[PDB]
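Residue numbers start from 1 in every chain, and the chains themselves are labelled A, B, ... in the order their sequence lines are given, proteins ahead of strands. Quick note: numbers below take in every heavy atom, side chains included, and nothing from hydrogens, waters or symmetry partners. Ligands are counted one by one from 1 in listed order, and the atoms in each one are counted from 1 as well.
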Amino acid sequence: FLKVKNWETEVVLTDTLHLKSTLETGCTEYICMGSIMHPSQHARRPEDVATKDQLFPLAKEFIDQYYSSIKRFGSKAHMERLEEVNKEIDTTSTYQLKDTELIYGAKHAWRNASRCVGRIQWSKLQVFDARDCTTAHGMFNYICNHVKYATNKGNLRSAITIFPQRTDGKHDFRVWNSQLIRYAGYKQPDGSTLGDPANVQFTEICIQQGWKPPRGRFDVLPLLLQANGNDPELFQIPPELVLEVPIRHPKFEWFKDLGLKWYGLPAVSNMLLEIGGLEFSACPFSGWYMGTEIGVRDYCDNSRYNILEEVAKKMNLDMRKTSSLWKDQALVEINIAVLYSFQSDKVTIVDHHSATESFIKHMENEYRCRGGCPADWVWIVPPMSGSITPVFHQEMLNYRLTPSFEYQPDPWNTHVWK
Amino acid sequence: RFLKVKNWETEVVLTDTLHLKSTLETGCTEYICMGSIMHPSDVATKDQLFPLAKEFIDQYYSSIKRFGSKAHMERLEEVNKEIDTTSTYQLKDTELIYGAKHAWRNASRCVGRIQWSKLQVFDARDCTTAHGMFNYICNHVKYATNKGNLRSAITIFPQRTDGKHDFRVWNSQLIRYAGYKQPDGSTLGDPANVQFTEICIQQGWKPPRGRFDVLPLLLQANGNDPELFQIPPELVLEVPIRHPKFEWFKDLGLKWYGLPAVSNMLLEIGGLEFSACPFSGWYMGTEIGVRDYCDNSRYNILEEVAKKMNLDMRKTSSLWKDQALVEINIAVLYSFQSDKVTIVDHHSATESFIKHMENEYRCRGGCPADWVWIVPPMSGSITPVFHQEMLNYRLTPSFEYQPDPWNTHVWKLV
Ligand code: HEM
Ligand code: HEM
Ligand SMILES: Cc1cc(N)nc(CCCN2CCC(F)(F)CC2)c1
Ligand SMILES: Cc1cc(N)nc(CCCN2CCC(F)(F)CC2)c1
Ligand SMILES: C[C@H](O)[C@H](O)[C@H]1CNc2nc(N)[nH]c(=O)c2N1
Ligand SMILES: C[C@H](O)[C@H](O)[C@H]1CNc2nc(N)[nH]c(=O)c2N1
Ligand SMILES: [Zn+2]
C-alpha cells in the first residue's frame, strides 16, 4: 500500500491499484524520470508480428480483465472467448475484439491516462468502430462523421474513431496529422515563421504533396491519411465542419483587432491505442479544451504563436525588465479572452480552476471504487497559476496500466514511399 | 551508461553521467513514480560510518586534485582511527566548508543553486549552550542581512553523537511571524505557525497578538530542554508592501521579512549528521507573493485584493484570482526593490537556473533537479524550466528533512 496526501485539506488516500501496473515508468529507486517526456521504451509486445507465446498472454490478460469487470470470470462465455482467441492467433497470428471489448478497452485507455486532467468524463465516450475501413477515402469519411458528431454545433461530445489494428507493421493505418484540426506554419524567407511554428514540417510535407497553401496565419491544414500502408492522401475538411472561435476580450475593445482565433475541437490523431496486445495506430479521439491549452501554451509559448509581446504593448505595460511581471499580466488577460470568447459563442470550454477541482473529485472517486488513480503531477498541474489550483497541493502516484494510449513515431520518419 | 535530457523549447540535449554516483533512494520504483510525494520513505554504527566517511574524503581529495596523495591516504587513516576509537570523527574546517557548499549544490529542489560556491560558512561546532547558539544566530542574521544587500550564509552547530544530545533550532525559519487561533475559528497572523506559536507561549513567551509578530527563537543545545530568546528587533529587516499603481495596496497593512533562513533541516556530510545548521539566502518573489500571501492555508489575501480591484468574483472563469495573484506579486517585487532589499523574480531566477544546469552538465556531468519544486508556482510555462527535462537523484553531502523536535524530545524539568 502507498498513501498520497493533499497538503491543503490533509486528506490521505491509500493506493492498492498500483499493484496491477505492467510497464516500467523509467524511474528506479536511485533516479526519478518524472519530468522526462518519453522515459521508457518498455513495450508489452515486440516490434512486428509476435509469435503465439508473445501475443496470447497479453490477450488472455485483457480478456480476463474484461470478464472480471462484468462479474463473469470463468463463466461459460469467458472460457469460450479464450478458446476463440486461441484459435484466431493460431490461424492468423492475431485476433479481433468484440464490439463490447473494444468499447471497454477504449474507455479504460482514457481512464488509465495518467497525464489527462479530464478523466472524470471517462465513461462518457462515444466509440466509433471503423475497423472495416480499407482506403484513405473511407478514413476521410469516418473522420468527417467523427468531427461533425463531436462538434455538435458547439455542445462538444467526447469521441474516438478506431481504424484497423496493426498487422505486420507494413500495412499501418495512420493519420499523419498530429490533430485533426491544426493551423499551418510557414518558413519565411527573412527567417521568421508565419502561422503555427509547431506544424512547419508537416505543412511542408503537405505542400510537397500538392497542397496549395493560402499562406496565412490560421490556415486549417488538410488531412493526410494513410490506409493499409499505402502512400498518404490529402483531403480538405469541409469548412462548415470546422468550428472556430474569434478571440475578443470583455474589457479591451482593441483585443479583437489582434485577429486571433482558435478551433473548437481538440482531436488527437497521432497516438496509438493498445488493447490486449493489439495496436490501433490510427485512433483519433477528441474532447473539449481547457482554456490554458490555448491561452497559455498555443498562444504564449515562445516556440508557438508567441503573442505576449504584442498583447503587452497594447496594454501599455512596462516591458523593460522581467520584474514588472508584464508577461504574467498579459498572460492572464489572454486567458480571460479565450474563456470569454468560447463561452460567448456557446462552445464548450473549461477553465483550469473548474477542471482541476473536477480532477480532485475524480481522484477521490477512483480511490474509493478502484483503489487508485494513476496521475502525472507534471502534466496535471496547469501551466499558469499552479498553486492556486487544488491539484498543486495533491500528491499523486504515477504508474502504467493497460489498456492505454501510447506515443508512436511520426510516420514520415518510417514510411517507405511507393 | 549515459542518460539524455532534452529541452523542448530550445531542443538542446544534455547528457547525464553524474547519476551513476548516487546510492540513496528517490522513493520511486521501477513500476511507480513518486516524484510528487513531499516526503517519500538512532545513529550510525562503526561499520556503517567507515564507508560513508571514505566516500566523502575520497570525493573531497578528488575535488582538490589530490586523489591518491600522501595527504589523502593519511587523512583516511586518521579518520578510521577516530571512528575505531570514538565511534565518530571530526571534519577539518576545509572539509566542513566543502561539504556545506556541496550540500547546497546537491539540493535538487533549489532553483537558486547558481550561487552555490558563494556560501559563507560559520563554524559553530564549539558551541555548548542555548545562549551560545543565540549569539551565533544573531551574528549570522546580521552578516546575512547586511543592510539589505543579502549574503548567503550557514552556521553549523555540533554534530549528533548518540542522538540523545542533539542541537536543534526548534523554529522552522529564523524569522517567521506568529499565528494565533481565535475562539471564533479565525486565525490572526500566519496560520502556518500556529502550532509553533502555542509551544512558545507555553514556554513563557508573552505574545503581542498582532498580525506580524516576529517569533522568538527556541534553541536546544546538547539535548537539553529548549530555551526562549528574543531576536534584537534592529536585526530583523522588514519590507512594507505597496504597489506601484494601486495607492490603496499599502492600506492592506502587509509586510514581510527580508531574510529567508531555513533552520529545521539536517546537514549530512560523510555520514556525520548536523541537526542544527540554519542557512539563509534571499527570496524569490513568488515564495512570498504566491505562497505566503495567497495559499488558502496562509494569509489568504486573494479575496481582499480582488475586492479592492473591483473584479467580478462570481465566476471562476473571470480569472479574478489569477489577476489578483499577479498584482500581489508585482507589489512584492516593487516593494523589495524600492527598499533595496535583495530579491529575484521567477523569470530571472529560472533563466539563471537553466544556465547553471547547463554549466553543471558540462563541468560535472549532471545536475540533479526536482521539476515539481523548480517550476515556479505561477506562470509555469512562460519560465524556461517548465520546458526543461530534469533528472532527480540524491547526492551526498545533502540537506535532509528531520522530525520536528517537539515530536521526539523527552522533557527534563520538574
Ligand atoms: C473531455 C474533455 C477533456 C479535457 C478537458 C482534457 C484535458 C486534457 C489536457 C489539458 C491534457 C494535457 C494536454 C497537453 O498539455 O498537451 C490532456 C492529456 C491527455 N488526454 Fe485528455 N482531456 C479531455 C478528453 C480526453 C479524451 C476523450 C481522451 C481519450 C479518449 C483523452 C486522452 C488524453 C491523453 C492520452 C492525454 C495525454 C497524452 C498526451 O496528450 O500527450 N482526453 N487532457
Ligand atoms: C541565494 C538565494 C536562494 C534562492 C533564490 C533560493 C530559492 C529557493 C526556492 C524558491 C526554493 C523552494 C522553497 C519553497 O518553495 O518552499 C528553495 C529550496 C531549497 N533551498 Fe534554495 N534558495 C537560495 C539559497 C539557498 C541556500 C543558501 C541554501 C543552503 C545553503 C539553499 C538550500 C535549499 C534547499 C535544501 C531547498 C529544498 C529543501 C526545502 O526547502 O524543502 N537555498 N530554494
Ligand atoms: C482529447 C484532448 C482534449 C484536450 N482538452 N486536450 C488534448 C491535448 C492533447 C495534446 N497531446 C500533446 C502530445 C501529443 F501530441 F503527443 C498527443 C496530444 C486532447
Ligand atoms: C535558503 C532559502 C532561500 C530561499 N529563497 N527560500 C528558501 C525556502 C525553503 C523552504 N523550505 C520549506 C520546507 C522546509 F520547511 F522543510 C524547509 C524550507 C530557503
Ligand atoms: C504535492 C506537491 O508535491 C506539493 O504541493 C509541492 C509541489 N511543488 C512545490 N514546489 C515548491 N517550490 N514548494 C512547495 O512547497 C511545493 N509543494
Ligand atoms: C519537460 C517537461 O516535462 C515538459 O515541458 C512538460 C511539462 N508539463 C507539461 N504539461 C502538460 N499538460 N503539457 C505539456 O506539454 C507539458 N510539458
Ligand atoms: Zn519517479
Side-chain angles (χ1 to χ4, degrees), chain A residues 25-29 31-39 115-117 290 292-293 296-297 301 352 376-383 387 397-399, chain B residues 5-9 26-30 32-40 100-116 118-121 144 150-154 172-173 260-262 264-267 277-288 290-292 342-346 348-350 352-353 370-377 380-381 384-393 398-401:
Chain A
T25 57
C27 306
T28 72
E29 56 183 338
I31 187 154
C32 174
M33 296 196 85
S35 65
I36 305 285
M37 172 66 146
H38 306 293
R115 291 176 165 169
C116 176
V117 75
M290 185 168 76
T292 46
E293 301 180 75
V296 181
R297 303 301 309 285
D301 273 6
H352 53 287
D376 183 340
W377 192 101
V378 169
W379 276 66
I380 294 296
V381 172
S387 65
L397 290 170
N398 195 17
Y399 44 94
Chain B
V5 292
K6 164 176 195 179
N7 185 297
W8 289 86
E9 193 199 337
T26 62
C28 307
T29 75
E30 285 153 3
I32 306 105
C33 181
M34 304 201 332
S36 72
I37 306 296
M38 162 83 75
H39 303 119
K101 291 184 186 189
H102 276 70
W104 186 8
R105 195 188 188 178
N106 295 338
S108 63
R109 285 174 174 179
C110 176
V111 74
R113 285 181 276 169
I114 197 173
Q115 292 284 334
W116 74 267
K118 306 172 206 135
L119 181 64
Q120 187 62 44
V121 175
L150 304 191
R151 303 182 282 200
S152 305
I154 178 164
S172 58
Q173 303 177 30
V262 172
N264 60 351
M265 291 189 85
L266 183 147
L267 169 56
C277 59
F279 55 86
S280 61
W282 52 83
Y283 268 116
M284 180 164 76
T286 49
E287 301 181 78
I288 305 163
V290 182
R291 306 300 310 283
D292 291 326
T342 308
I343 192 166
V344 65
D345 65 86
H346 50 288
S348 167
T350 54
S352 294
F353 181 75
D370 183 340
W371 192 100
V372 170
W373 275 62
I374 293 296
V375 173
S381 67
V385 288
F386 179 96
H387 307 274
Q388 178 66 56
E389 289 180 349
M390 301 170 190
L391 294 166
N392 198 20
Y393 44 90
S398 62
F399 289 112
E400 307 287 342
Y401 302 109

Discussion item. Under 4.0 Å, heavy-atom basis, I'd like to know which part of B:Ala349 is in contact with ligand 2: side chain, backbone, both or neither.
Written reply: neither
Response to the item:
Paired with B:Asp370, the side-chain contact (heavy atoms from CB on, under 4.5 Å) test is passed by just one of B:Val111, B:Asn392, B:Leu391, namely B:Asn392
Fill in: A:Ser35 side-chain N/O to B:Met390 backbone N/O, donor-acceptor pair under 3.5 Å
yes
Worksheet item: About how many Å separate OH of B:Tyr393 and OG1 of B:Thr26, when rounded to the nearest 0.5 Å?
Response: 12.5 Å
Item to complete: Just need the protein heavy atom nearest to atom 35 (C) of ligand 2, so name the residue and atom and give the distance.
Response: B:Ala107 CB, 3.7 Å
Response to the item:
Scanning both residues in full, the closest heavy-atom pair of B:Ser108 with B:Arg113 reads O-NH2, 3.4 Å
Fill in: Smallest separation among heavy atoms of B:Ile374 and B:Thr350, with atom names
O-CG2, 4.5 Å
Discussion item. So which atom in B:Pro260 and which in B:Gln173 form the shortest heavy-atom distance, rounded to 0.1 Å?
Written reply: CA-OE1, 4.3 Å
Item to complete: Name the closest protein heavy atom to atom 1 (C) of ligand 6, giving the residue it belongs to and the distance to 0.1 Å.
Response: A:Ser35 O, 3.4 Å
Worksheet item: Touching ligand 2 at all, B:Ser280? Heavy atoms, strictly under 4.0 Å?
Response: yes
Fill in: ligand 2-proximal atoms of B:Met265, by part, heavy-atom distance under 4.0 Å
side chain
Worksheet item: Between B:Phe386 and B:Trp371, is the ring centre distance below 6.0 Å?
Response: yes
Worksheet, complete the sentence: Separation between CD (B:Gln388) and CG (B:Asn7), nearest 0.5 Å, reads 4.5 Å
Worksheet item: If you measure from CG on B:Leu150 to CD1 on B:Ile343, what distance do you get to the nearest 0.5 Å?
Response: 9.5 Å
Worksheet item: How far is atom 14 (C) of ligand 6 from its nearest protein heavy atom, and which residue and atom name does that atom have?
Response: A:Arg297 NH1, 3.4 Å
Discussion item. I want to know if ligand 6 touches B:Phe386 in the polar sense, i.e. an N/O pair below 3.5 angstrom.
Written reply: yes
Worksheet item: How long is the span from the CD atom in B:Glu400 to the NE2 atom in B:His39, to the nearest 0.5 Å?
Response: 10.5 Å
Worksheet item: Among protein heavy atoms, which sits nearest to atom 26 (C) of ligand 2, and what does the distance come to when rounded to 0.1 Å?
Response: B:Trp104 CE2, 3.3 Å
Worksheet entry | Winner among B:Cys110, B:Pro278, B:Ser108, B:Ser352 once heavy atoms are compared against atom 21 (Fe) of ligand 2 | B:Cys110
Worksheet entry | Under 4.0 Å to a heavy atom of B:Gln388 - the qualifying atoms of ligand 6, by number | 1 (C)
Discussion item. To check your reading of the model: name the closest protein heavy atom to atom 8 (N) of ligand 6, its residue, and the distance in Å.
Written reply: A:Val378 O, 3.1 Å
Practice prompt. Would you mind checking which non-hydrogen protein atom is closest to atom 1 (C) of ligand 2, with the distance to 0.1 Å?
Written response: B:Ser152 OG, 3.5 Å
Worksheet item: CZ/B:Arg105 to CD/B:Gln115 distance, rounded to the nearest 0.5 angstrom?
Response: 14.0 Å
Discussion item. Below 4.0 Å from ligand 6: does a non-hydrogen atom of B:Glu389 turn up there or not?
Written reply: yes
Worksheet entry | Residue portion contacting ligand 2 (non-hydrogen atoms closer than 4.0 Å) for B:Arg291 | neither
Discussion item. Given the Zn ion (ligand 7) as the apex, I'd like the angle to SG of B:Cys33 and SG of A:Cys27, rounded to 10 degrees.
Written reply: 100°
Worksheet entry | From B:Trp282, B:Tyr283, B:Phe279 - option closest to atom 4 (C) of ligand 2 by heavy atom | B:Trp282
Discussion item. If you take the nearest heavy atom of each of B:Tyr401, B:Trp373, B:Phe399, which one is closest to atom 15 (O) of ligand 2?
Written reply: B:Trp373
Fill in: Inter-residue atom distance B:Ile32.CD1 - B:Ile37.CD1, 0.5 Å rounding
11.0 Å
Worksheet item: For atom 7 (C) of ligand 2, what is the nearest protein heavy atom, given as residue, atom name and distance?
Response: B:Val111 CG1, 3.8 Å
Fill in: Any N or O of A:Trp379 closer than 3.5 Å to N or O of ligand 6
yes
Item to complete: Could you name the option among B:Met284, B:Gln120, B:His346, B:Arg109 that has the heavy atom nearest to atom 11 (C) of ligand 2?
Response: B:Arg109
